[PDB]
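> Input structure: input15.tsv, which contains TSV, C-alpha atoms and all ligand atoms.
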```
chain	number	residue	atom	x	y	z
B	35	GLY	CA	107.59	99.05	104.98
B	36	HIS	CA	109.22	95.62	105.04
B	37	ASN	CA	106.92	92.66	104.66
B	38	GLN	CA	109.29	90.75	106.86
B	39	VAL	CA	109.07	92.69	110.04
B	40	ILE	CA	105.34	92.48	109.96
B	41	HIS	CA	105.55	88.72	109.42
B	42	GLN	CA	107.68	88.59	112.56
B	43	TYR	CA	105.09	90.51	114.61
B	44	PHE	CA	102.43	87.95	113.71
B	45	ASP	CA	105.02	85.18	114.16
B	46	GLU	CA	105.79	86.37	117.70
B	47	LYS	CA	102.31	87.19	118.87
B	48	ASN	CA	101.68	83.49	118.03
B	49	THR	CA	98.81	83.79	115.63
B	50	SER	CA	97.67	83.49	112.06
B	51	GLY	CA	96.71	86.89	110.72
B	52	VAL	CA	96.86	89.16	107.70
B	53	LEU	CA	96.82	92.93	107.47
B	54	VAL	CA	95.21	94.34	104.30
B	55	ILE	CA	96.03	97.94	103.34
B	56	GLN	CA	94.19	99.79	100.57
B	57	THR	CA	95.37	103.24	99.47
B	58	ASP	CA	93.27	104.52	96.53
B	59	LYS	CA	92.57	101.03	95.08
B	60	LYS	CA	96.07	99.44	95.42
B	61	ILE	CA	95.77	96.64	97.97
B	62	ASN	CA	98.84	95.48	99.89
B	63	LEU	CA	98.96	92.41	102.14
B	64	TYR	CA	101.02	91.93	105.29
B	65	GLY	CA	101.24	89.36	108.09
B	66	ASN	CA	102.15	85.68	108.18
B	67	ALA	CA	99.11	84.07	106.52
B	68	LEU	CA	98.41	86.06	103.37
B	69	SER	CA	95.92	83.40	102.21
B	70	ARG	CA	93.51	84.66	104.88
B	71	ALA	CA	92.88	87.70	102.69
B	72	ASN	CA	90.76	85.70	100.25
B	73	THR	CA	88.91	83.34	102.62
B	74	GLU	CA	85.53	84.20	104.13
B	75	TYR	CA	85.17	84.74	107.89
B	76	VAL	CA	82.15	85.74	109.93
B	77	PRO	CA	82.31	89.55	110.29
B	78	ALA	CA	81.29	89.84	113.93
B	79	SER	CA	81.06	93.28	115.44
B	80	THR	CA	82.48	94.79	112.24
B	81	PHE	CA	79.02	94.25	110.82
B	82	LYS	CA	77.72	96.94	113.15
B	83	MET	CA	78.94	99.62	110.73
B	84	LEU	CA	76.69	98.18	108.08
B	85	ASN	CA	73.95	97.64	110.62
B	86	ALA	CA	73.93	101.29	111.69
B	87	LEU	CA	73.96	102.41	108.05
B	88	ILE	CA	70.95	100.27	107.13
B	89	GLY	CA	69.07	101.31	110.25
B	90	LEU	CA	69.77	105.02	109.88
B	91	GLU	CA	69.12	104.98	106.14
B	92	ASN	CA	65.77	103.27	106.69
B	93	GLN	CA	64.79	105.53	109.61
B	94	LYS	CA	64.38	102.69	112.08
B	95	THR	CA	66.46	104.82	114.48
B	96	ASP	CA	68.57	108.00	114.75
B	97	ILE	CA	71.73	109.04	116.51
B	98	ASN	CA	69.86	110.45	119.52
B	99	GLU	CA	67.57	107.51	120.34
B	100	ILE	CA	68.38	106.09	123.77
B	101	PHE	CA	68.19	102.29	123.91
B	102	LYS	CA	66.67	101.22	127.18
B	103	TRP	CA	68.31	98.35	129.03
B	104	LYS	CA	65.34	96.33	130.22
B	105	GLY	CA	67.35	94.48	132.86
B	106	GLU	CA	68.39	91.13	131.38
B	107	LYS	CA	71.90	90.02	132.28
B	108	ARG	CA	74.28	90.84	129.39
B	109	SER	CA	77.84	89.68	128.68
B	110	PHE	CA	79.63	92.72	130.15
B	111	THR	CA	78.65	95.05	132.99
B	112	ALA	CA	79.59	98.02	130.79
B	113	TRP	CA	76.67	97.03	128.52
B	114	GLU	CA	74.09	97.14	131.35
B	115	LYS	CA	72.88	100.70	130.84
B	116	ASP	CA	70.83	102.88	128.57
B	117	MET	CA	72.87	104.01	125.59
B	118	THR	CA	72.86	105.61	122.17
B	119	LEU	CA	73.49	103.72	118.95
B	120	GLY	CA	76.87	105.47	118.96
B	121	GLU	CA	77.71	104.46	122.53
B	122	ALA	CA	76.68	100.91	121.67
B	123	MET	CA	79.15	101.09	118.79
B	124	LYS	CA	82.06	102.13	121.00
B	125	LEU	CA	81.27	99.24	123.37
B	126	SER	CA	80.37	96.70	120.64
B	127	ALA	CA	77.20	96.26	122.69
B	128	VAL	CA	75.55	93.38	120.82
B	129	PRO	CA	72.00	93.51	122.31
B	130	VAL	CA	71.48	97.07	121.13
B	131	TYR	CA	72.37	96.12	117.57
B	132	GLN	CA	70.19	93.06	117.80
B	133	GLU	CA	67.28	95.33	118.67
B	134	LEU	CA	68.05	97.40	115.58
B	135	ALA	CA	68.25	94.28	113.42
B	136	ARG	CA	64.88	93.06	114.65
B	137	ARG	CA	63.44	96.46	113.71
B	138	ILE	CA	64.90	96.27	110.17
B	139	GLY	CA	63.55	92.74	109.81
B	140	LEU	CA	64.78	89.89	107.64
B	141	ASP	CA	63.48	91.13	104.34
B	142	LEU	CA	64.92	94.57	104.55
B	143	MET	CA	68.20	93.29	105.84
B	144	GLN	CA	68.50	90.65	103.15
B	145	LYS	CA	67.72	93.16	100.38
B	146	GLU	CA	70.18	95.70	101.79
B	147	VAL	CA	73.04	93.26	102.30
B	148	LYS	CA	72.74	91.78	98.84
B	149	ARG	CA	72.30	95.28	97.40
B	150	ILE	CA	75.51	96.43	99.07
B	151	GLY	CA	77.14	93.15	98.02
B	152	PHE	CA	78.73	92.48	101.43
B	153	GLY	CA	80.66	89.21	101.79
B	154	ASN	CA	78.60	86.23	100.69
B	155	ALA	CA	75.50	88.43	101.26
B	156	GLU	CA	73.80	85.54	103.06
B	157	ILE	CA	71.98	86.13	106.35
B	158	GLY	CA	69.84	83.01	106.55
B	159	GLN	CA	66.79	83.19	108.76
B	160	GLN	CA	67.58	84.60	112.17
B	161	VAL	CA	67.81	88.36	111.71
B	162	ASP	CA	69.65	89.16	114.96
B	163	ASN	CA	72.67	86.80	114.83
B	164	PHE	CA	73.75	86.05	111.25
B	165	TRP	CA	76.86	88.18	111.72
B	166	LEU	CA	78.05	86.35	114.86
B	167	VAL	CA	77.82	82.66	113.98
B	168	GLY	CA	77.11	82.68	110.26
B	169	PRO	CA	75.85	82.27	107.70
B	170	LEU	CA	77.18	85.72	106.82
B	171	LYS	CA	80.87	85.66	105.93
B	172	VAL	CA	83.27	88.16	104.38
B	173	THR	CA	86.91	88.24	103.27
B	174	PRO	CA	89.32	90.79	104.73
B	175	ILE	CA	89.80	92.17	101.22
B	176	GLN	CA	86.06	92.84	100.88
B	177	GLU	CA	86.08	94.41	104.35
B	178	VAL	CA	88.85	96.84	103.49
B	179	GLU	CA	87.07	98.07	100.38
B	180	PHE	CA	83.80	98.35	102.27
B	181	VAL	CA	85.54	100.45	104.89
B	182	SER	CA	87.52	102.29	102.20
B	183	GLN	CA	84.26	103.25	100.53
B	184	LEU	CA	82.76	104.40	103.85
B	185	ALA	CA	85.78	106.58	104.64
B	186	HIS	CA	85.40	108.23	101.20
B	187	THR	CA	81.61	108.43	101.67
B	188	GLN	CA	81.10	106.24	98.61
B	189	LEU	CA	78.79	103.52	99.90
B	190	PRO	CA	75.28	103.23	98.51
B	191	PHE	CA	73.71	105.31	101.31
B	192	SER	CA	72.89	108.97	101.85
B	193	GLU	CA	75.87	111.12	102.80
B	194	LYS	CA	74.41	112.25	106.14
B	195	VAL	CA	73.94	108.61	107.16
B	196	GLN	CA	77.53	107.73	106.28
B	197	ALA	CA	78.83	110.77	108.15
B	198	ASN	CA	76.71	109.85	111.15
B	199	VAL	CA	78.31	106.40	111.12
B	200	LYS	CA	81.87	107.69	110.59
B	201	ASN	CA	81.51	109.84	113.71
B	202	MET	CA	80.85	106.76	115.84
B	203	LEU	CA	84.08	105.16	114.64
B	204	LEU	CA	86.67	107.63	115.92
B	205	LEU	CA	89.29	105.55	117.75
B	206	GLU	CA	92.20	107.94	118.31
B	207	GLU	CA	93.18	111.46	117.36
B	208	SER	CA	96.84	112.18	117.88
B	209	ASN	CA	99.40	114.59	116.41
B	210	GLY	CA	97.43	115.59	113.33
B	211	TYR	CA	96.40	112.05	112.46
B	212	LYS	CA	93.07	110.36	112.95
B	213	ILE	CA	92.22	106.69	113.27
B	214	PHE	CA	88.78	105.19	112.66
B	215	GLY	CA	87.81	101.55	113.02
B	216	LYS	CA	85.67	98.80	114.52
B	217	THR	CA	87.03	95.86	116.47
B	218	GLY	CA	85.54	92.42	116.03
B	219	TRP	CA	85.83	89.10	117.86
B	220	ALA	CA	83.73	86.05	116.94
B	221	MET	CA	84.20	84.06	120.16
B	222	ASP	CA	81.50	81.40	119.71
B	223	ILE	CA	82.89	79.53	116.64
B	224	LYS	CA	86.03	77.53	115.82
B	225	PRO	CA	88.44	78.88	114.95
B	226	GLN	CA	87.74	82.19	116.64
B	227	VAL	CA	88.32	85.11	114.29
B	228	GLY	CA	89.34	88.60	115.45
B	229	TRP	CA	88.97	91.76	113.33
B	230	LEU	CA	90.02	95.40	113.30
B	231	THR	CA	88.79	97.20	110.17
B	232	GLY	CA	89.05	100.93	109.56
B	233	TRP	CA	91.15	103.74	108.13
B	234	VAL	CA	93.72	106.44	108.86
B	235	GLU	CA	93.08	110.08	107.96
B	236	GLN	CA	96.52	111.56	107.34
B	237	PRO	CA	96.85	115.26	108.31
B	238	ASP	CA	96.75	116.19	104.61
B	239	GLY	CA	93.45	114.32	104.23
B	240	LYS	CA	94.85	111.21	102.54
B	241	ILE	CA	92.85	108.12	103.47
B	242	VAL	CA	94.53	104.77	104.12
B	243	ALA	CA	92.06	101.94	104.77
B	244	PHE	CA	93.02	98.78	106.67
B	245	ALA	CA	91.55	95.45	107.68
B	246	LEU	CA	93.30	93.32	110.30
B	247	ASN	CA	92.17	89.71	110.47
B	248	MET	CA	93.60	86.98	112.69
B	249	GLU	CA	92.81	83.68	114.29
B	250	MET	CA	91.76	84.35	117.86
B	251	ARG	CA	92.16	82.52	121.18
B	252	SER	CA	90.28	82.95	124.50
B	253	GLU	CA	93.28	83.84	126.65
B	254	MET	CA	94.34	86.70	124.37
B	255	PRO	CA	93.83	90.24	125.57
B	256	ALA	CA	91.49	92.60	123.72
B	257	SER	CA	94.31	94.98	122.84
B	258	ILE	CA	96.31	92.45	120.89
B	259	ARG	CA	94.43	93.78	117.92
B	260	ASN	CA	95.43	97.32	118.56
B	261	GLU	CA	98.99	96.51	119.52
B	262	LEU	CA	99.47	94.51	116.32
B	263	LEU	CA	97.87	97.18	114.14
B	264	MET	CA	99.50	100.25	115.72
B	265	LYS	CA	103.06	98.94	115.44
B	266	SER	CA	102.32	97.65	111.94
B	267	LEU	CA	101.07	101.05	110.80
B	268	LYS	CA	104.02	102.81	112.43
B	269	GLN	CA	106.33	100.37	110.61
B	270	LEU	CA	104.74	101.12	107.22
B	271	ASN	CA	105.13	104.84	108.09
B	272	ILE	CA	101.37	105.38	107.88
B	273	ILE	CA	101.67	107.11	111.27
J	301	LIG	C1	80.57	90.42	119.86
J	301	LIG	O1	80.21	90.67	121.23
J	301	LIG	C2	81.94	91.03	119.60
J	301	LIG	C3	81.84	91.94	118.39
J	301	LIG	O2	82.69	91.18	117.53
J	301	LIG	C4	82.43	91.73	120.86
J	301	LIG	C5	83.31	90.82	121.74
J	301	LIG	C6	84.67	91.49	121.84
J	301	LIG	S1	84.93	92.09	123.49
J	301	LIG	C7	84.04	93.61	123.65
J	301	LIG	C8	83.17	93.61	124.90
J	301	LIG	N1	82.95	95.04	125.19
J	301	LIG	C9	84.12	95.80	124.68
J	301	LIG	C10	84.91	96.28	125.85
J	301	LIG	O3	86.13	96.46	125.76
J	301	LIG	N2	84.19	96.51	126.95
J	301	LIG	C11	84.20	95.62	128.11
J	301	LIG	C12	83.33	97.68	127.07
J	301	LIG	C13	84.94	94.82	123.85
J	301	LIG	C14	84.53	92.59	120.83
J	301	LIG	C15	85.54	93.50	120.33
J	301	LIG	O4	85.88	94.49	121.01
J	301	LIG	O5	86.01	93.26	119.19
J	301	LIG	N3	83.37	92.69	120.36
```
Let's see the structure in the file written out as structure tokens.
Ligand SMILES: *[C@H](O)[C@H](CO)[C@H]1C[C@H](S[C@H]2CN[C@@H](C(=O)N(C)C)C2)C(C(=O)O)=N1


Amino acid sequence: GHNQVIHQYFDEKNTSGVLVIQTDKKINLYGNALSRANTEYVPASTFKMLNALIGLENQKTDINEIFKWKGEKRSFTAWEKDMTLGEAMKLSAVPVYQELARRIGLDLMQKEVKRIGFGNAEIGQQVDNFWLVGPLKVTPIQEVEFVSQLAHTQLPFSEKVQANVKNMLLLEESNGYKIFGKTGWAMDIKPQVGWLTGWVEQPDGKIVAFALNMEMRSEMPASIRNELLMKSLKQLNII
């Protein structure tokens, strides 16, 4: 696990990103801009994990509720359907999670976020966008421990709610290993910030949490987050 090779991957994908790895409370940093680890960025779709948790915990929804698309034009055609909270998570389908947020309401959301202690724990006044254009901001270090805690079922929520949310996050299950995570991409701010926060379940049950953060750019493909992360984790011999 050479901190040089990984620098060269971020070097050569022309970006500015850091990869945070936490393995039972030791945090290692990789990339080409390690200073990113301690600066706050808007969380974007990575805040859906926390949004589900709050919603499920407060019984504003459940994993079987179907969210009806009422016909407004949305940003992707894949989002123009009825779907479950879990389907909306796989697609990062913002409008669904804005509905949920509006159900929670400002007060509940503000109390929950500051109770969890997530990022700056500031959501301002508009309860269905604070995680896309501020004011809510979080460092990649805080994100990896948040997701580390979730993987270990150690967040301040009931266990069944955390398990419900973990099951929406399954990204890939190959050769004995399991990968969980949530992509993010804040497109409507400068600079654009892209995320991929989650964890690896090693076949023996060891948990390795991770939080990819990079500066984003409109012409980049979606998979540049997965390509960067996959070959970084294979390098570190986490897979
Ligand atoms: C906010 O919309 C943001 C969450 O950070 C979205 C934008 C990108 S792109 C997203 C659109 N739908 C997914 C997909 O591949 N399709 C077309 C179903 C991907 C994003 C992300 O994936 O990080 N989340």

> Would you compute the distance between CA of residue 202 (chain B) and CA of residue 124 (chain B)? Give it in Å to one decimal.

7.0 Å

> Quick one: residues within 12 Å of residue 209 (chain B), only C-alpha atoms, excluding same-chain residues fewer than 5 positions away - as a ChimeraX atom specification?

/B:235-237,273

> Got a sec to check which residues lie within 9 Å of ligand LIG 301 (chain J), using only C-alpha atoms and all ligand atoms, and send them as a VMD selection string?

chain B and resid 77 to 82 109 to 113 124 to 129 165 to 166 216 to 221 227 to 230 256 to 257 259

> To one decimal place, how far is CA of residue 173 (chain B) from CA of residue 153 (chain B) in Å?

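The value is 6.5 Å.
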
> My list of candidates is B:106, B:114, B:249, B:193. Which is closest to residue 90 (chain B) when distances are computed with all atoms listed in the file?

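Of B:106, B:114, B:249, B:193, the one nearest residue 90 (chain B), counting all atoms listed in the file, is B:193.
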
> Which of these, B:177, B:45, B:96, B:116, has the shortest distance to residue 198 (chain B) once you count only C-alpha atoms?

B:96

> Start from the incomplete input, build N, CA and C atoms for region 147-161 of chain B, and deliver everything as a PDB file, in the coordinates of the input.


```
ATOM      1  N   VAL B 147      71.725  93.888 102.291  1.00  0.00           N
ATOM      2  CA  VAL B 147      73.040  93.260 102.300  1.00  0.00           C
ATOM      3  C   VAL B 147      73.403  92.796 100.899  1.00  0.00           C
ATOM      4  N   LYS B 148      72.439  92.220 100.186  1.00  0.00           N
ATOM      5  CA  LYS B 148      72.740  91.780  98.840  1.00  0.00           C
ATOM      6  C   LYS B 148      72.827  92.972  97.888  1.00  0.00           C
ATOM      7  N   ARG B 149      72.128  94.064  98.193  1.00  0.00           N
ATOM      8  CA  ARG B 149      72.300  95.280  97.400  1.00  0.00           C
ATOM      9  C   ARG B 149      73.693  95.860  97.575  1.00  0.00           C
ATOM     10  N   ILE B 150      74.173  95.923  98.814  1.00  0.00           N
ATOM     11  CA  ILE B 150      75.510  96.430  99.070  1.00  0.00           C
ATOM     12  C   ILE B 150      76.550  95.463  98.520  1.00  0.00           C
ATOM     13  N   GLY B 151      76.197  94.179  98.423  1.00  0.00           N
ATOM     14  CA  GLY B 151      77.140  93.150  98.020  1.00  0.00           C
ATOM     15  C   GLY B 151      78.205  92.868  99.065  1.00  0.00           C
ATOM     16  N   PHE B 152      77.799  92.635 100.317  1.00  0.00           N
ATOM     17  CA  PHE B 152      78.730  92.480 101.430  1.00  0.00           C
ATOM     18  C   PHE B 152      79.019  90.998 101.700  1.00  0.00           C
ATOM     19  N   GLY B 153      80.287  90.606 101.577  1.00  0.00           N
ATOM     20  CA  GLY B 153      80.660  89.210 101.790  1.00  0.00           C
ATOM     21  C   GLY B 153      79.875  88.286 100.889  1.00  0.00           C
ATOM     22  N   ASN B 154      79.470  87.134 101.433  1.00  0.00           N
ATOM     23  CA  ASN B 154      78.600  86.230 100.690  1.00  0.00           C
ATOM     24  C   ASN B 154      77.172  86.760 100.554  1.00  0.00           C
ATOM     25  N   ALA B 155      76.845  87.848 101.257  1.00  0.00           N
ATOM     26  CA  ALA B 155      75.500  88.430 101.260  1.00  0.00           C
ATOM     27  C   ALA B 155      74.433  87.404 101.637  1.00  0.00           C
ATOM     28  N   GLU B 156      74.753  86.530 102.582  1.00  0.00           N
ATOM     29  CA  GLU B 156      73.800  85.540 103.060  1.00  0.00           C
ATOM     30  C   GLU B 156      73.577  85.754 104.551  1.00  0.00           C
ATOM     31  N   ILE B 157      72.319  85.951 104.943  1.00  0.00           N
ATOM     32  CA  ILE B 157      71.980  86.130 106.350  1.00  0.00           C
ATOM     33  C   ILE B 157      71.069  85.036 106.885  1.00  0.00           C
ATOM     34  N   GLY B 158      70.641  84.102 106.049  1.00  0.00           N
ATOM     35  CA  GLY B 158      69.840  83.010 106.550  1.00  0.00           C
ATOM     36  C   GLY B 158      68.506  83.500 107.080  1.00  0.00           C
ATOM     37  N   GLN B 159      68.161  83.060 108.285  1.00  0.00           N
ATOM     38  CA  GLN B 159      66.790  83.190 108.760  1.00  0.00           C
ATOM     39  C   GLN B 159      66.649  83.913 110.066  1.00  0.00           C
ATOM     40  N   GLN B 160      67.699  84.063 110.830  1.00  0.00           N
ATOM     41  CA  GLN B 160      67.580  84.600 112.170  1.00  0.00           C
ATOM     42  C   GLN B 160      68.184  85.995 112.076  1.00  0.00           C
ATOM     43  N   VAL B 161      67.335  87.028 112.084  1.00  0.00           N
ATOM     44  CA  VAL B 161      67.810  88.360 111.710  1.00  0.00           C
ATOM     45  C   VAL B 161      68.693  89.025 112.758  1.00  0.00           C
TER      46      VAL B 161
END
```
